[PDB]
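Observations on the model geometry
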Amino acid sequence: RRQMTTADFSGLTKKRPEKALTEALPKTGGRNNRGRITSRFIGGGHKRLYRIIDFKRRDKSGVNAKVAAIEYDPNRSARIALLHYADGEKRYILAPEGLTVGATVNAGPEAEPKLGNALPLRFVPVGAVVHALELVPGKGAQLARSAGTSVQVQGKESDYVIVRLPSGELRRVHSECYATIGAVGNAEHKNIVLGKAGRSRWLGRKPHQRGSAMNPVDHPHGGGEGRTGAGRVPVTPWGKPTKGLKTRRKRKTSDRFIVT
Amino acid sequence: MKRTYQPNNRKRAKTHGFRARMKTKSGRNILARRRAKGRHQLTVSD
RNA sequence: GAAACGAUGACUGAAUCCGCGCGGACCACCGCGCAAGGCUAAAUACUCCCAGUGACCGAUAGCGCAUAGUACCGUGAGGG
RNA sequence: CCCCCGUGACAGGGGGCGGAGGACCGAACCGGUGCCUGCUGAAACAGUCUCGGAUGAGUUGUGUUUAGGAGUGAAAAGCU
RNA sequence: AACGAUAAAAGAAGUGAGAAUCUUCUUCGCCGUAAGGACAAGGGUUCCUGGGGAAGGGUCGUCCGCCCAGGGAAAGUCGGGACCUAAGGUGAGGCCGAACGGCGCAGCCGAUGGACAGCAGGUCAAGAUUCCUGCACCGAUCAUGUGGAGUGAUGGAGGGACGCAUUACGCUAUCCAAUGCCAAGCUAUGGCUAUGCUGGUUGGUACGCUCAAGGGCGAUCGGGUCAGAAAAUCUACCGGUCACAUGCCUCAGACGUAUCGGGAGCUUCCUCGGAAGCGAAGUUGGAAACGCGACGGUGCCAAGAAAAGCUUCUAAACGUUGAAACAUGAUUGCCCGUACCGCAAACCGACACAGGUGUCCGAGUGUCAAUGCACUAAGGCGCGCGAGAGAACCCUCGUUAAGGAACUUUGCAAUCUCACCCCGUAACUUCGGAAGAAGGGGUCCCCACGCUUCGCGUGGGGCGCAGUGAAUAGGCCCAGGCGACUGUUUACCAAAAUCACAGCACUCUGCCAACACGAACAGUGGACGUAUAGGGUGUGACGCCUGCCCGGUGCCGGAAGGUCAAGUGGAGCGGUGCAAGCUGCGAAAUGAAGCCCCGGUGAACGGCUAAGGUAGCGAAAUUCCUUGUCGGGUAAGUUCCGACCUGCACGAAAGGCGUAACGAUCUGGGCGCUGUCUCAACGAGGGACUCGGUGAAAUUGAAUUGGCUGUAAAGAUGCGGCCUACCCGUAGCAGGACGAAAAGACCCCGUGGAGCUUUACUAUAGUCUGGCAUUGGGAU
RNA sequence: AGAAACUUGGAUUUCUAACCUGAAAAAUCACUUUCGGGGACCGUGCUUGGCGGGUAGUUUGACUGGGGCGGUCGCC
RNA sequence: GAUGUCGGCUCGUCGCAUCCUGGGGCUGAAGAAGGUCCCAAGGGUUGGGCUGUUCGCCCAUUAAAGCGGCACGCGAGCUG
Ligand SMILES: [Mg+2]
Ligand SMILES: [Mg+2]
Ligand SMILES: [Mg+2]
Ligand SMILES: [Mg+2]
Ligand SMILES: [Mg+2]
Ligand SMILES: [Mg+2]
Ligand SMILES: [Mg+2]
Ligand SMILES: [Mg+2]
Ligand SMILES: [Mg+2]
Ligand SMILES: [Mg+2]
Ligand SMILES: [Mg+2]
Ligand SMILES: [Mg+2]
Ligand SMILES: [Mg+2]
Ligand SMILES: [Mg+2]
Ligand SMILES: [Mg+2]
Ligand SMILES: [Mg+2]
Ligand SMILES: [Mg+2]
Ligand SMILES: [Mg+2]
Ligand SMILES: [Mg+2]
Ligand SMILES: [Mg+2]
Ligand SMILES: [Mg+2]
Ligand SMILES: [Mg+2]
Ligand SMILES: [Mg+2]
Ligand SMILES: [Mg+2]
Ligand SMILES: [Mg+2]
Ligand SMILES: [Mg+2]
Ligand SMILES: [Mg+2]
Ligand SMILES: [Mg+2]
Ligand SMILES: [Mg+2]
């Protein structure tokens, strides 16, 4: 679903439940390092804060927990699930599709393959669908935290499990990494139609500016009298279509059949 | 017509100040160059 | 360039006195020298400054200034 | 959201209520549409009148960051 | 020429060497969401007193923001520092770097924000939450006494702590009414004799069983160790118990009493002007905040700082007979800023400049509301040249006969239109809109009746040419082109049909991500983001749709062969020496990306010998011929609408064709209305003219500077012939003086420049690739 | 013509003391670590060749009834 | 080291190869109305639609709706 609007120049929205507002770090907006602007645009915003959120979830092993509330926080594009443990310690985690309020979530290598539970891949059943996966034991989960995303399991190697990353890429991820059962719910962001100009602004600044508007000084596509261009390239004349920007590397042999 | 010059004490003291010429040697260069300039008056007495 | 020799940036990496470096590719004679450790006034350069002189100026000259880097301009550097 | 009526492939319709908006009109304020006057002018870019935005991609103070092949630019080679 | 806004001034009186301008009086006009008042920044004695008259002041000058001298500015509480932190800055250690240097954790600095103890009056010529009077309050050190025992850290916890819009209740500031209260007095003009007129009508502190809307709070026992590094009685938890509405806690503010102030005026003295003394009442009714009660209520998506002070708990330490806590006096309050200007004559603009400058307060009457509009209060001001004249011309306004767009590039300009109420309102449509469509009607005063509040409706009546009676105040419609839309842009000739835009597509990217800044295996941005993510690109809501061609170019994939660098390898050739041997060049094979070569990819460059136009469109923002041909409107239509097709040279995301709405866009038509016009006229004001005062400028070979014909370097005042013409001025006009202004921007020239482009040349960051180095071991 | 054996090299594979690198009370660090993963690659240093309007320096003739376009530059 | 350029508007003035008006000759001139040539430059030469246009086309007129020059007269006169 989504919210809708009668005709006042509008389309969509999302639907947000479970209100709390609890206990986390501030953050500041900025687009660049010591020098000039690096990553283009996104200088706007509603002045969000940041909710430190556990990914790895190691030390809570052997200790059960209850879902408190599910709050919807920026810098995420996911449902944040609040957790209270038996320790007395509160912690934030991501909130997979179909996790009710106040279910039971347990961590560790012994844990049962149920929603929200943390447990390494070696224990993960064949063909199961999980999110929040580490590339390496420790650190955190770099995989499947996004809008409506998941990763399934394609087999075992030695320490390694064959996983399916949600570009549809096959890869070898060792079984020594924790993982979280289920797909990150996130409603579906692809649904929300982002309103009108400045709905962008709500979350971040003025979007794509076509170099073909620019001038020879400014960008390659610049110059000319009319609307056109010849040779098809970016800020620097690399070019966008089908040029592998990857390099020859280590994890490249930890990767199998990347195609798309 | 808002003019080029909008006087601010703490600004003219932050940029241009003696303490400001301290931090770098381009400005200490300016100092000694000014001392020998004749007896000029270096920035923050002015 | 036939480019010797000094000099290092990267790989290499010998001899030691019937020995080693040179002598403008290189060879043999023939000479000249003995590297990989250091210091070493003097004769040389300059003029903030003091003295002395001048087929140098003498108030639009002479230094910008017969004192001022002041007045005055500039956000500033700077100019004056 | 609360009441009245309508599902023969059809929808929602009337009332009460609520207070939504890159909604309207409009002074601040922000902006410069058209004519005139002005031409070292009152002014090195304005004045009267007319006009545009007027809860939003809004306006504005303070402190600060980014600069010369460089910055910045809802993009004129504009601004620095 | 000008004397810097067209907010006018006038008379008397004073002073003085001298007055339109300085002082006083009395009037006048002007601002009054300001043109009043208070602060910030910035300025720096501009403030006050007494002088002064050179220059400065656009005239004057006895005068001033100018000149001289003297004075004036007071803080435990206000703002800042001795407190805290944000961006940012910094930074021992630490990570980099030819240097100088770039980074960086803690810590530290850094208000714009957090925290934090007083209010009310008085008054010098000039200061006031500062000084003085009344009564407060905060922390500190210590003394008598109570208590008569724990205090309870750079560490934990709690709490500081935060959005936007909208809104119920109670109150205050504060304003309004009155045959309330108080005070003063006279008032005549025709009347009023007060029932008229004018002014004044509570601030602080204290107690008080008074009144009060609103506002936020559950309490204790105990459990697990895995949680707050440890600790804990504090906090987080799972649990037990009592608490559902009564309940507790505080009371903005009102009321009473008290008391300290203030208060219309009042009395006396006056060195010609202020001092000093006194002191009335304080009602009822209404309105009312963006402030207060409060951190209220509900809803919404974009989801709305940190850190100390502070509250509780232990660690350690000292003490558990002399603790913490309380009030009860005393003593104590360090540093810096306070004057004045501060929407402007004092700040930024060379100027006493029509400009610019952030926050606060900003009264009353009429008006649906209001910071609008008109007039006014308090307050401030008439703009530092005057006075006359009433010509052309010029600017800014007012009215206009008959006509009404005939004006013109174009209705450019200027009318008409105008508020609020009622009625009424089309094609088309995204069912919201179009819409304030279009039209029509009401509007003032009195009286009676009614009503849900200021008031409103009904009926009747009265007045004027007219009743949003003056000010604020949309002309409208029919067709199109472009873009959908709000928005954005060329500071100073372009606001648009540009850019952006939601939406759509291609592609990149597995996370020390691609990508970008960078002396750099530093660091950082992407991002404390992770493949319904992040980058680049091009299209541009929405609706129907997006065709044919990859030959060449780029791009991804491939593998038979062709070519190719260093290097590993070394056939052979030569110099030399008697030799040993030292030495010059040197091949075959072997050696990587790479390009040639095969294939595929177009919402990749691109095309209509690779094919050569699918729909849709077409004389279009592309149309040459061209005023194409028919028609529509017009009396007449090179434009506009419609239709055709011969499309010089439309066409599918450099999108094709459509679309309601939107538009200071562009184009054509109509209605309305007008000085746009036939064709101008009268009227006003401000310049222009004249007198007194101050008094520039661009320009300038020198001039004693005519006309016609001719001649000359080819456009004569200056040469010739002929004509005309007394000297000198003032108001005027713009033909001439190739008039003025900027060493033409067009154009050519220069083996002059700079921006830009590329399949021009060349190098290079970057990047890829073979080898060697860090760099090692074993199975094979 | 079998092969014990020291083996110098190239190819895939594997290992761990180099190196990179994440977690843990000690945020950038360094430390002891249980370690965890990658790992002779990657990075980086020298050289080799490619690519390289991203950048940089420059070139782009004259005659000419103005320049350009066309034409023409020597010789008989 | 500058002679502002199309068209209009305003103001004119000049030539005559005369559009009208005046005087004549000839006529394939009965009259009426003409066609042409000669003399003649006093004066006169309309208002609108389209177009930036001069030109040109058309509406309704008229005695007639003349042609050129004056830097394709005229921007220190206006427009633009
Ligand atoms: Mg452009
Ligand atoms: Mg370029
Ligand atoms: Mg281009
Ligand atoms: Mg351009
Ligand atoms: Mg004046
Ligand atoms: Mg006046
Ligand atoms: Mg008034
Ligand atoms: Mg004077
Ligand atoms: Mg009264
Ligand atoms: Mg003045
Ligand atoms: Mg008012
Ligand atoms: Mg008339
Ligand atoms: Mg009339
Ligand atoms: Mg007309
Ligand atoms: Mg006309
Ligand atoms: Mg108009
Ligand atoms: Mg638009
Ligand atoms: Mg403009
Ligand atoms: Mg296509
Ligand atoms: Mg026609
Ligand atoms: Mg707009
Ligand atoms: Mg004469
Ligand atoms: Mg003469
Ligand atoms: Mg003559
Ligand atoms: Mg004149
Ligand atoms: Mg001239
Ligand atoms: Mg020239
Ligand atoms: Mg030439
Ligand atoms: Mg002309």
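What counts as what
- Residue numbers count from 1 along every chain, following the sequence as written rather than necessarily the entry numbering; any residue without coordinates is not displayed.
- Note on labels: chains are lettered from A, ligands numbered from 1, in written order.
- Chains on display form part of a larger assembly; values are given for the displayed part and nothing beyond it.
- Side-chain measures were taken over the full set of non-hydrogen atoms in the model, leaving aside hydrogen atoms and water.
- UniProt positions are given in the numbering used here, feature names are shortened, and annotations may be inferred rather than shown by experiment.
- Nonpolar cores were defined as sets of buried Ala, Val, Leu, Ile, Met, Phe, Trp, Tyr and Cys residues, with membership established by side-chain atoms within 4.5 Å.
- Whether a residue is buried, partly exposed or exposed follows from its accessible area with a 1.4 Å probe, protein chains only, as a fraction of its type maximum: under 20%, in between, or over 50%, in that order.
- Numbering of helices and strands starts at the N terminus; helices are DSSP runs of H or I of at least 4 residues and strands are runs of E of at least 2.
- Contacts were defined at the residue level, with two residues in contact if any of their heavy atoms lie within 4.5 Å.
- A pair of strands is treated as paired once DSSP finds two or more bridges between them.
- Axes, fitted as lines to C-alpha atoms, cover a helix only where it is in contact. Angles between the N-to-C directions of the axes lie from 0 to 180 degrees.

Labelled according to the PDB entry, chain B appears under the name 50S ribosomal protein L34, originating from Deinococcus radiodurans. Quoted straight from UniProt, the Function entry for chain B says "Binds the 23S rRNA." The UniProt entry for chain B carries the following text under Subunit: "Part of the 50S ribosomal subunit. Contacts protein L4."

As annotated in the PDB entry, chain A is 50S ribosomal protein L2 from Deinococcus radiodurans. Of the comments in the UniProt record for chain A, the one headed Sequence similarities reads "Belongs to the universal ribosomal protein uL2 family."

Attention now moves to the nonpolar core. The nonpolar side chains of soluble globular proteins are, as a tendency, buried together. All names here are of chain A. In terms of nonpolar packing, the biggest core is built from 17 residues, with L121, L133, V153, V163 and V173 touching the most fellow members. If you list the elements that add at least two residues to this core, you get β7 (151–156), β8 (160–165) and β10 (178–181). Among residues more than four places away in sequence, those in contact with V163 are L121, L133, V151, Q152, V153, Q154, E169, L170, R171 and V173. With eleven residues, the next largest nonpolar core counts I70, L83, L99 and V105 among its residues.

Before going further, it helps to examine the sheet that holds strand β3 (residues 90–94) of chain A. Residues and elements named next belong to chain A. Reading across the sheet, the four strands line up as β3-β2-β1-β4 and stay open at both edges, with antiparallel pairing between neighbours. Every other strand in the sheet has two partners, leaving β3 and β4 (104–106) as the edge strands with one partner each. Strand-to-strand twist of the sheet, defined as the mean angle between neighbouring strand axes without regard to direction, takes the value 45°. Pairing between strand β2 (residues 79–85) and β3: five bridges, direction antiparallel. Its bridge partner being in β3, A81 is matched across the sheet by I93.

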